[PDB]
């Protein structure tokens, strides 16, 4: 089931690049096997630098569930969440994060070297507690392929 939702997040990444909405990033928030939110980066569409895929998915899942905390839900990020998004994931109380590509894969195509210490275990003032799974095998493969397949098909931001 992990692979299914991670694949849907990668699909959102491609969808958003095709739409012109933003960069090649997707995020799916699930209440067990029920998709509560399926989003991609909306920075260009919304004129909003905070509208990353994960932040957008959190906003939509909270509206869907009519609550400000998502302790029952898990988040699948096509890319390793950035400091802002991992902060949002912390605040939302999501109980588990599954991400596909290491941040270096997105950084390699020109996004900022902007990595969340608290996610990688080098946080000091930010203490993460949620379950974190970095994808391997085919999940890592598709997530990393996103950035080679979408190269030069979107404006960087």
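Between two forms, the rigid core is the largest collection of C-alphas that superpose within 1.5 Å. Positions refer to the first chain, counted from 1.
- Between stretches 25-33 and 124-132, the one whose Cα atoms sit farther from the displayed model in 7 other deposited structures of this protein on average is 124-132 (core-aligned, root mean square).
- Here the rigid core sets the fit, and in 7 other deposited structures of this protein the C-alphas of 115-123 stray farther than those of the other stretch, out of 115-123 and 48-56.
- Relative to one another, 129-137 and 14-22 have unequal mean CA B-factors, and 129-137 is the one with the higher figure.
- When the mean C-alpha temperature factors of 66-74 and 46-54 are read from the deposited coordinates, 66-74 comes out higher.
- Split the chain's modelled residues into thirds by C-alpha temperature factor. Residue 31 is in the highest one.
- The entry lists a Cα temperature factor for residue 40 that places it in the lowest third of the chain's modelled residues.
- Ranked by Cα temperature factor within the chain, residue 100 sits in the lowest third according to the deposited record.
- Among all modelled residues in this chain, the alpha-carbon of residue 116 has a temperature factor (C-alpha) in the middle third.
- Remark: residue 108 belongs to the highest third of its chain, ranked by C-alpha B-factor as recorded.
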